[PDB]
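K.L.:
this one's experimental. Sequence and coordinates below.
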Amino acid sequence: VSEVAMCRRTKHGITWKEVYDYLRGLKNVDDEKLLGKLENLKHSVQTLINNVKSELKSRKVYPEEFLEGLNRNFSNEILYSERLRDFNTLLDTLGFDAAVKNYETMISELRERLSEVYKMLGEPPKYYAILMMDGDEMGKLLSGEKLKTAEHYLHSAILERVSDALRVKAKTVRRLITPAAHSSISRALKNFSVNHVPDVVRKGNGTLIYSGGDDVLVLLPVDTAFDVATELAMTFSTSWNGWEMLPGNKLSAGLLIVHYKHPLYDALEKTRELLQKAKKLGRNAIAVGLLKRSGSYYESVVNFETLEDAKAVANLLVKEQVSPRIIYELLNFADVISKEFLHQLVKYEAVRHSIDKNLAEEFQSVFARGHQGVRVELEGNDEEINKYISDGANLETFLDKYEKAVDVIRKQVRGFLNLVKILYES
Amino acid sequence: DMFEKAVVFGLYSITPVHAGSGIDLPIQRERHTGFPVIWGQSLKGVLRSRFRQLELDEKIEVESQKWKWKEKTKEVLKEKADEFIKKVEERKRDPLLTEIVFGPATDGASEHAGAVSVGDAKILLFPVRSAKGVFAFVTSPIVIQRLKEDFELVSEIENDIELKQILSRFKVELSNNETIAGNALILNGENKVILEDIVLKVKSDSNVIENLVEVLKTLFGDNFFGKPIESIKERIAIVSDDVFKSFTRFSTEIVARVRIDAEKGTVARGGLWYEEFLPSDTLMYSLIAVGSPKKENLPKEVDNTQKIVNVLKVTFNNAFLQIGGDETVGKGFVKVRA
Amino acid sequence: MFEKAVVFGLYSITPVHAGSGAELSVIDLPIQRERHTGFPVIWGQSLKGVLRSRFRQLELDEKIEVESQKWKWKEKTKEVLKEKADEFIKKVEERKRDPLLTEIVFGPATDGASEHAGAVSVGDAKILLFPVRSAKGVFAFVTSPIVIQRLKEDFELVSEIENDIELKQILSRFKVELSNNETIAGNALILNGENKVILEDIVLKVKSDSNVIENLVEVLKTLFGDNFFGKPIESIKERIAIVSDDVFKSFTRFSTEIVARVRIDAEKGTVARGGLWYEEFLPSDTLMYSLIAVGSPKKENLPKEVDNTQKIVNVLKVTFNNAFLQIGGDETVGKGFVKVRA
Amino acid sequence: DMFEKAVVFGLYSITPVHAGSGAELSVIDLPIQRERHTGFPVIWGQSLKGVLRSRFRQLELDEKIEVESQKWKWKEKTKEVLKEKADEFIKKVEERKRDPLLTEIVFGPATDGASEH
Amino acid sequence: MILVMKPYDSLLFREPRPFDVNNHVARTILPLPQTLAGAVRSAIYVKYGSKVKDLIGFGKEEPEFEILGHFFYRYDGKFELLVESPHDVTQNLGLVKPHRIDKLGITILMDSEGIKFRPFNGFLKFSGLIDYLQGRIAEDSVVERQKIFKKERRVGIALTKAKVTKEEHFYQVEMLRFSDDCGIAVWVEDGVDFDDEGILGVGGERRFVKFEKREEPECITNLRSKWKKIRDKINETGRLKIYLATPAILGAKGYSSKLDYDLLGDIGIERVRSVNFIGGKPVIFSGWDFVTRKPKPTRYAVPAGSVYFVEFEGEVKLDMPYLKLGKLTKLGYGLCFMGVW
Amino acid sequence: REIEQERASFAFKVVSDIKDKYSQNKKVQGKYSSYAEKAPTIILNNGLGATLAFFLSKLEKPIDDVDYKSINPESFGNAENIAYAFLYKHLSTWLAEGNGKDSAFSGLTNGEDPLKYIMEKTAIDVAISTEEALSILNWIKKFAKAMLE
Amino acid sequence: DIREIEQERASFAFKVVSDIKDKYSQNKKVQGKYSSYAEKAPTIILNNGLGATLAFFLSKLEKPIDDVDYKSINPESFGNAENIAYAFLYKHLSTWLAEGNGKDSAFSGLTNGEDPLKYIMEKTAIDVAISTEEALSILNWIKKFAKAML
DNA sequence: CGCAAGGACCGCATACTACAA
RNA sequence: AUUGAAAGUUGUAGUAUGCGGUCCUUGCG
């Protein structure tokens, strides 16, 4: 998965996958700015591999075929500078158990050679996203609890050219499902899963593991994840992509951002838990979650549109139009923030901590929208509030008449700040 | 084997302690309540290291004698004494008495088992700034009840009839705006205390305080960590559960730290973070369960629970220890009294 | 461990501002305090940082008197690390690692934080004397029994390291308790009227047990040389006051200097946006001490010159003695200059 | 720490001076800076630094600063040092966004580039 | 008799995942009966030496003295006993019964308010167990899981010689933090000799408790008294319900969930018309045999709270409101109450 | 944090009440906003008693005796007088009773006049009153600057 | 149990100023003259000296400057409004510099029950300077309260 | 022959965890 | 006779860099 982590686009556009590919001898490199560095890394890798081959073949412990293939089978972890701290560290990273003064000099030469490369394209990224998406309880629609009235399935206006009683009956009774309709739905699902998902993922430079029906599992570079997760949510909601049908339904997502060190089992379990939590909170949402190597786990469940608000705020922050210090003050003030104060406090803070102009007003409006689009997880009747939150404008009215009406706001802002902090990282 | 006796330890902090947990680097806390805690693993590691260094330095008062660990090594190990002595010097093993008490080294851990089990240290008093008189020692009835039940374990094993009578009298109920405190913290005139920025009123029931003091007097002696008992007695306040919870949540110190690059002379990239520290003068306790030595052919004078208990009490009475990280910057010094 | 101990005394030549954390509350940038009591303090991290920087800078100039030999970084490193030393020398050139002596004493640098710990420990600097304006006389040093209590505790801790029984007895010889408002005052501060020593905005009553104060002066002569950081100790002996705990705490909160600072526009001739702010400064002539401890040097293959706790302690004592230190922020505006007496 | 040389500056007032210290409610409406404990008058180092930097920048802008018996032109000298970025620095300086080269080197960077060095 | 076991701090009943050098993580599960059984057996055996080897069943997989089961407990104003929530209770606290529609030839176990439902996680008060067995679940007789205990996480690191992190010396564990006045309680058959007070070390990582022997409370005696009424009601109806309070190993040679009628015949039931089993995921577990110092064979057990709906021809002849099931019964497995559905 | 919520609610309430009076008149709104902003500076320099005396002095009336109650801000003639009376009323109310008997903060003065309380008390009472006044002023500054014109 | 002199200064200043309003409510001229004198005294003190200002007050009260007894100066004796105001101001200042707030209070004056003029006459410079400082502070507070209420 | 500061500006921008275990 | 006995969240690291209490104003009719 370190390959996926390195698949993220660099500043120059030459992602580290190509750089490692040349070292493995599998693919060429278009850029030639640091071609001598590429030769230095290739020579260092070949010399280190040959020196290791002499020692490994001396005892003939590992099979000779592995040593022969090590020219193109060198692990991508060698490209990470920290892994090259010592000869023992490099030997372990290569895979062969450690249990060499010349190799010590070789590691120094390789480290110096890699220093120039890391000075231009940056260190190889060590973070990646796991994304699992599931259908939003297709059993309900198959049973007919989500279908509309039969009027939406006549030809154009046949209800006009029919008896009044039949028109009234078709106006109210929700249409059921016939085997032909079921086959049509299944073909639409196939069209989405086979003819659209692989291409969309390849656009995002990700990796697709298992795409069965309405279930999607992908490993992506952090640089292009939130875009893809949005785009797929659109593809699953389109009803007519040209002359090709699409499911036109809702789906629930679970996304995790993790460094390349955590165990795979724990990562998969945590991602499944995040997806289940997003499903439980009211579906039609995504449970974004960032877990660093330190241990901090910042999680928030949001609708898919709120990713755009977070993107707008992150773009405002990266462009330095607004100082990245309002976030911490707002986080401190969240626990003492109510509906009556929040708008004025936010407007004052945006005025005080920006370069004025229309940027403060735009930031305040985008923050208002983003805080509106957050799924709160209270205790008690959270089903009613969360459904309204996923509904739309009814969230403002229902929350106005809500009993708590404060804790919902306290958690909504905190959630919207959390994934803003996540996106601002990248 | 089973566990027979239960000793009581008292840790008094003199510098802020940072027993780190998994704010960016917070301190360990309980999940159900939230009081600061120090896991039994950290105490066991600290005690094991101190005991290993002491025994290797040959300063152990085993029944008022000079414990020559090398000499006693051949008594039990016999033929294998040379190999064990070499391995101990090679850090692959541990000194014999330490292995007997705490347990076998991480290499040969499948052979025998240790004879001590250290529990998590729980807080007992918390210092909080007060308007009249500095740093009132605050506590709560929930902490009192936990102490009363917990001590009942050790005292019953010790057949302490006198102490058990005082324990049953620990009954109190407090509202959120009520507190019981000594005269030092009480403002002259109006009967109120100004702990932090709250204006809690005095319930005027000081009978509880003395019984609490007496428990400390019996457990740790009258010399209260180098302080007169009267000064500590006069400045003890007990407040409701929630006020104490908020204090434990917020009164801990928060320190922001940076790293300055030699070039230029300003903060480098990625050079700011936060840390949390427990205040000094925070009374704390912990229980250690001791059993019969599971070791075979153990040397004499260490064969029963009473012998091990006496050895531990002698070695770890009125000592000084460092707990948790940040030792290089003077954090973690604590006075230990058994 | 920590088999040896050195007590560091600091005297503030100029006002000192050791920056706190987040700039909250009315005062913008406050000094570092402790919520536990409220007194001023200096955390050990900053002290260790500045000491390490000064030590490394001195070592790079070969001015460190290692047993009166002027140890050379390059020569000693080559002698010790042998073959690999040259590589480390390159790392020293790139300002990545640090020379051998400072790495051994203060621990390694960030990139090499996996070999050995720091052979030293620097405690928090705690106040011992506080200047306070006075009616008769001027600029009276003040202190409180709680400070002496903490000092006795520190002495006892030192005794658990070097077995300084005499120091423990000397500290235990002092035991005073001013109740509410009475003070133990020197001869100078006493008003020409009947007692009535006036400190700042409070009128007090003198107490006739001044022998204790004399004993305190003796303790100073025992700890920080003979001259009180460059002045006649007996001269300071006439201007020392001991007051109750609450009064001392009140002094340590409402008598630090408060300063308003502005920024002037390039051509407007007046302040600009985000120009006016506030700062809190610890007064000059504040006396604060600490406790430096040294244990066993954990570095691998330590040099023969410094291979025992006594050697390291001697090196630290000679390097830092009547020296000068820059402490905290606001360096370029003449803040943070202190005199260090070991 | 990093200092090697020093100079003692002496100030002789020829006209009455008034270093402001805010406004109080006492008899004197506009008092002067004093140390709290001593009570003697004093001028803080911040005011001196500001005045010196302002005078230095003013003299450098008029190209009247004579370093090694030669004028230190703001645009010409900074052209050699900043090299390619000198055009950006010159325009920024002209916009009163950053101090000239010599002032920036001596008295530290300006408000915009306070995190430079 | 019962043994109130108030824990001093968190405990860790480790999952069967290996504690390899690379695999240095651990997770806790709910306490299995065999762990408590082993703890009690060791506590008795060590105190009385080898003379009680037969009673402890040294070496053998089963002892001679009987352990019925283990419930949780708390002290919410009174000594309350709690058991696992049966899988047949919906989140709306509504029972679930089969509604077999013979016209279509199916045996749908749909609820009374739809054909979809999710089990109610939590615990059922032992006071309300009688009402549940009579199909009259109240509203205040259940509490959720988080009110009793919450899982916490810890980290650990083994230092090298001086002060650095030793290689391959990092681990992270997860343990059960019981709330205040909330511990475990083991139910033992009367007549087994045991000390009154003391301490006992249960679970891994060498954690102890403050165990205290107590007589049975009033709830169990009330259930025993009303068992005759329940039994005659079951006999009249012909529809007997079996509810599991501990995991069971009901499988024959080769563990399986097929409830064999042979065990049912012993209770007086002649002909079993139908069996409707609703449960959950199986429980995979294996212990650590001390005698051989080796892991025990793995066993799959039906999860606690599973419900069996049985329609029978005949009469129930048991005089006790519960029945043992499967193998390893003495350790506390296969405890099942019987009621009317 | 209950005291923090109490302070925030009180500051919002008083700023809104100032908004109600002369809502269109930007003169009163502007003067009050500057008055709240500049108030904490005085407290640091001269203490609470001096600041209260100054507030009492700037009011243009005989002001017989001292009363935190009475002195209706609307009864003041000049707009500056009205704003100053409002500021004094709010600060004295908070220091005397806070928000009420059932509030988290019942007020340090036990309902007594802050100036009389300072005149007849000890030092520590003055200290805590000073700190509380500083905190509420810190909140009021932001809340009055944010929304008041 | 400890009150700074600031508490006693405000307590004393409130006492005298309120003691004028109730006594001479109808004599608005007296109140105005007293307020003006309280406003103008500190500059005289800073320009000449405490002894000079006290002698000036005596001169406006047609009394000899060599022997004084502040305890024997009834303010009601003077007939002119300016004279009465000057008598009141002088009596307040001298009483504060003699007894302070009171013997029971934390501050009990400086002269220890002596006429302040004689104290300045027969004391070293330091005592005079401290008395001048105290007079300046109390005059500031009295001016504050007089402006506020009168 | 009395008059008795008053408003501007009220921390900005940047740094915002790293590597092992 | 209990997936059990064993293992110190520990090492390094300066809240630091930049910043003029400044502008306006007759002690006077």
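P.N.:
Looks like it came in fine. Residues are numbered from 1 along each chain as shown, chains lettered A, B, ... in the order given.
K.L.:
gap between residue E:170 and residue C:101?
P.N.:
To residue C:101, residue E:170 is 32 Å away according to CB to CB, to the nearest Å. For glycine as for every other residue, the C-beta is placed from the backbone atoms N, C-alpha and C.
K.L.:
state the phi and psi torsions of residue B:139.
P.N.:
Here is the backbone geometry of residue B:139 (degrees, to the nearest 10): phi -160, psi 180.
K.L.:
please see if stretch B:53-65 touches RNA strand I.
P.N.:
No. Stretch B:53-65 lies out of reach of RNA strand I by CB under 7 Å from any atom of the strand, never closer than 8.9 Å.
K.L.:
what about dumping the CA coordinates of that stretch to PDB?
P.N.:
Extracted C-alpha coordinates of stretch B:53-65, given in PDB (Å, rounded to 0.1, in the frame of the first residue of the first chain):
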ATOM      1  CA  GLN B  53      19.700  -1.200  40.300                       C
ATOM      2  CA  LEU B  54      19.600  -1.500  44.100                       C
ATOM      3  CA  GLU B  55      20.300  -5.200  44.200                       C
ATOM      4  CA  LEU B  56      23.000  -4.900  41.600                       C
ATOM      5  CA  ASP B  57      24.500  -2.300  43.900                       C
ATOM      6  CA  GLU B  58      24.100  -4.600  46.900                       C
ATOM      7  CA  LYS B  59      22.200  -2.300  49.300                       C
ATOM      8  CA  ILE B  60      19.200  -4.600  50.000                       C
ATOM      9  CA  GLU B  61      18.300  -4.900  53.700                       C
ATOM     10  CA  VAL B  62      17.100  -8.500  53.500                       C
ATOM     11  CA  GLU B  63      16.200  -9.100  57.200                       C
ATOM     12  CA  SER B  64      18.800  -6.500  58.200                       C
ATOM     13  CA  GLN B  65      21.700  -8.000  56.300                       C
END
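K.L.:
now it: buried residues?
P.N.:
For stretch B:53-65, burial by neighbour count (16 or more other CB atoms under 10 Å in any protein chain shown) applies to B:54, B:55, B:56, B:60, B:62.
K.L.:
what about the closest residue to residue A:326 other than its chain neighbours, distance to residue A:316?
P.N.:
Of all residues beyond its chain neighbours, the one nearest residue A:326 is residue A:353 (4.3 Å), with distances taken as CB to CB, 6 or more residues apart in numbering or on different chains. Taking CB to CB as the measure, residue A:353 falls 12 Å from residue A:316.
K.L.:
what do the two both touch?
P.N.:
Jointly contacting residue A:353 and residue A:316 under the rule CB atoms under 8 Å, 6 or more residues apart in numbering or on different chains are residue A:322.
K.L.:
can you pull the contacts of the residue nearest to residue A:326?
P.N.:
A:322, A:323, A:325, A:326, A:329.
K.L.:
how many neighbours does the second one have?
P.N.:
This means residue A:323. 12 (other CB atoms under 10 Å in any protein chain shown).
K.L.:
now the third one
P.N.:
By other CB under 10 Å, 11 other residues sit near residue A:325.
K.L.:
could you find the closest non-adjacent residue to it?
P.N.:
residue A:353 (5.9 Å).
K.L.:
farthest-separated two in the contacts of residue A:353?
P.N.:
Across the contacts of residue A:353, the two members that end up farthest from each other (CB to CB) are A:322 and A:329, 12.4 Å apart.
K.L.:
quick one, which of those two is more surrounded?
P.N.:
residue A:322 (19 against 15).
K.L.:
that one bridge partners, please.
P.N.:
Beta-bridge partners of residue A:322, counted by DSSP bridges, are residue A:354.
K.L.:
what about residue 101, neighbour count?
P.N.:
The chain I'm using is chain A. Residue A:101 has 9 nearby residues by other CB under 10 Å.
K.L.:
think we crossed wires, I meant chain E
P.N.:
Look at residue E:101: counted by other CB under 10 Å, it has 11 neighbours.
K.L.:
what's the nearest residue to it if we skip its chain neighbours?
P.N.:
Residue E:101's closest residue in space is residue E:108 (CB to CB, 6+ apart), at 6.6 Å.
K.L.:
mind checking the SS state of the residue positioned nearest the centre of chain D?
P.N.:
Central residue of chain D (CA atoms, centre = their mean): residue D:53, 1.4 Å from the mean position. With DSSP: H, G, I helix; E, B strand; the rest coil as the basis, residue D:53 sits in helix.
K.L.:
show me where the stretch 201-341 of chain E has its helices.
P.N.:
Ranges of helices in the stretch 201-341 of chain E, per DSSP state H, counting those that start in this stretch, are E:218-237, E:261-265.
K.L.:
using JSON lines, lay out these together with distance to chain F and mean neighbour count.
P.N.:
Formatted as JSON lines, the helices of the stretch 201-341 of chain E follow (distance: least, CB to the nearest CB, whole Å; neighbours: other CB atoms under 10 Å in any protein chain shown):
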{"stretch": "helix E:218-237", "distance to chain F": "41", "mean neighbour count": "15"}
{"stretch": "helix E:261-265", "distance to chain F": "60", "mean neighbour count": "15"}
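K.L.:
figure out which of those helices is closest to residue F:134.
P.N.:
helix E:218-237 (59.1 Å).
K.L.:
pull that closest one out as CSV, backbone CA atoms only.
P.N.:
Extracted C-alpha coordinates of helix E:218-237, given in CSV (Å, rounded to 0.1, in the frame of the first residue of the first chain):
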residue,chain,number,x,y,z
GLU,E,218,-34.5,-13.2,46.8
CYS,E,219,-34.8,-13.1,43.0
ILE,E,220,-33.6,-16.6,42.5
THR,E,221,-35.8,-18.0,45.2
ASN,E,222,-38.8,-16.1,43.8
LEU,E,223,-38.1,-17.6,40.3
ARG,E,224,-37.8,-21.1,41.9
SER,E,225,-41.1,-20.6,43.7
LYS,E,226,-43.0,-19.6,40.5
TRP,E,227,-41.4,-22.2,38.4
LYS,E,228,-44.2,-24.6,39.1
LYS,E,229,-46.7,-22.1,37.7
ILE,E,230,-44.6,-21.6,34.7
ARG,E,231,-44.3,-25.3,34.1
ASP,E,232,-48.0,-26.0,34.3
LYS,E,233,-48.6,-23.0,31.9
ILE,E,234,-46.1,-24.5,29.5
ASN,E,235,-47.7,-27.9,29.8
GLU,E,236,-51.1,-26.4,29.0
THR,E,237,-49.9,-24.4,26.1
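K.L.:
and the helices in the stretch 101-250 of chain A?
P.N.:
Assigned by DSSP H, counting those that start in this stretch, the helices in the stretch 101-250 of chain A fall at A:101-121, A:138-143, A:164-172, A:179-195, A:197-203, A:226-235.
K.L.:
who's in contact with the third one?
P.N.:
Helix A:164-172 is contacted by residues A:149, A:150, A:151, A:154, A:159, A:160 when judged by CB under 8 Å, 6+ apart.
K.L.:
now do the second one
P.N.:
Helix A:138-143 has contacts (CB under 8 Å, 6+ apart) with A:146, A:147, A:177, A:182, A:214, A:249.
K.L.:
correct me, but residue A:396 touches residue A:373?
P.N.:
No. Residue A:396 is not in contact with residue A:373 according to CB atoms under 8 Å; the separation is 11.5 Å.
K.L.:
of these two, which one has the most company?
P.N.:
residue A:373 (24 against 11).
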